[PDB]
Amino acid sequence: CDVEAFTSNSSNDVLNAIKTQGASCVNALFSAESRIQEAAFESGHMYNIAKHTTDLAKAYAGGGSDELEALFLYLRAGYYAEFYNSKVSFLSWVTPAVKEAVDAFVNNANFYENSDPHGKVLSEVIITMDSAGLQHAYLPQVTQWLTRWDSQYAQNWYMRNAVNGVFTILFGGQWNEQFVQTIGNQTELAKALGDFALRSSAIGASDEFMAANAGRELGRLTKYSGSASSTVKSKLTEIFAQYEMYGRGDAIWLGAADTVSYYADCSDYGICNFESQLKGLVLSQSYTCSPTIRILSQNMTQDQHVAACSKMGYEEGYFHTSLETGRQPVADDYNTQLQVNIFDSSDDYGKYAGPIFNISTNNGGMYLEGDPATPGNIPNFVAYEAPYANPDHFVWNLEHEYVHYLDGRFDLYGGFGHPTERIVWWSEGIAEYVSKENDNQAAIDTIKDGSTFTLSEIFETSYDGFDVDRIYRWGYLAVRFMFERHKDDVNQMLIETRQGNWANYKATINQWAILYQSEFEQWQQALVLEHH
């Protein structure tokens, strides 16, 4: 690969680079520095490359095309950059040329070929329909792909990728005025979409994820009006009758229930309050560690329950001794027993945890402190098992996330959002320090790799941009340094954080950043020399 080849002023130069380097090299342009994206995605290049792609797509004879894969990938990479990069903007004559190229591939007699090579280029064409804002233009093709899909297509990884792209089109169409005004009249699309979701052969198969996406997008169609409405309702009713919320086809049931509940009247479908019933079905095990920790789980062994409870119990004692809490909670906090809710896998978390706890699941777990002062507030850590999680409990992120419960109840006044000063360095640093103690090679490694942060910088840390090195490793280093070298200062700070005097907390740590920077550097030196 040579990403600089895509920066030439000459469109023919850029075309030749796309052809010679191929899709795996074009990948770099999605993440390239702005100078590269600005040069590669000039309006003139997008137009000229689209015009070349049109002729090549017309000539396509099936069996895949490395060049067409790379060309369509480039075009939709341009729309990706245009969306995110303020210095990439397209003139109005760009998108019609791109639409012409997509048309040429769609109208080619080979468009519905079933093969992995064809799927590689077809995938990029289907995604371009969304990236280029053409969701209103190919609904007959979306319908055809939905009804043509079968077990033969489903054998091929890249055909699964490609046809799964039609759910991206339907989702992205929400922002397309022409799509919004026509989709509700597409009775044949609605029938095909529902019948795709109802295809029993998808359950447990390589394409189950597509059937679940179909159910979710079908439920989303209830936000529109038009002649297709009764078909959408009828197909959703059939989904809710054919499958169930916990059991066979529940990925499809729950996918449809998610968007129906959000955009429609749950009472029209008989699914109001399914989330409370779902919780009892999925989190069917209950294991009380102690008055301060109870586990609800989907499918854990007795040995895992015992190990989770003892590991958390050890952290609990180490926390209370280290933070000198006297086991006295902050005021206005009645989160007396943490509920630890553990699903059987990341996939189960993604399916069931969303509706049960009203959370997003595109993550590795989350702790919901809630409103600690409100009667009936429940503190919920929501998690899953994973094969590469820590023995002997195998609960992902358990040891770190558990400390957030303790810190929130005994150190930090108020709910999660109460602080009016930045406290990420403390929250994440204390979770790392209590859970890992002095075993943290990654924190040693970031001192000696050419990039360090001052105490001043660490205290300003936020979650914006999610700098894991800064948040987790340098938060740990600052916290550990303060406990080892300035414990009385930490106790002074906790007087303020425990009652929500955030301005006082900031003034306290401001003094640390002025006074202690050179000692912090010496303490880092000692850590590095110990490693050697």
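Numbering starts at 1 and follows the sequence shown.
Checked against the record, the higher mean CA B factor of 404 to 412 and 257 to 265 lies with 257 to 265. Per-stretch averaging of Cα B factors for 428 to 436 and 197 to 205 places 197 to 205 on top. Which of 321, 89, 234, 108 has the largest Cα B-factor in the deposited entry comes down to 89. Within the listed group 135, 141, 358, 114, the record reports its top CA B-factor for 358. Sorting the modelled residues of the chain by their CA temperature factor places residue 524 in the lowest third. When the modelled residues of the chain are ordered by C-alpha B-factor, residue 119 sits in the lowest third. Annotation for residue 26: C-alpha temperature factor in the highest third relative to the rest of the modelled chain, per the entry.
In this PDB entry, residue 48 carries a Cα temperature factor that places it within the middle third of its chain's modelled residues.
Per the PDB record, residue ranking by Cα B-factor puts residue 76 in the lowest third of the chain.
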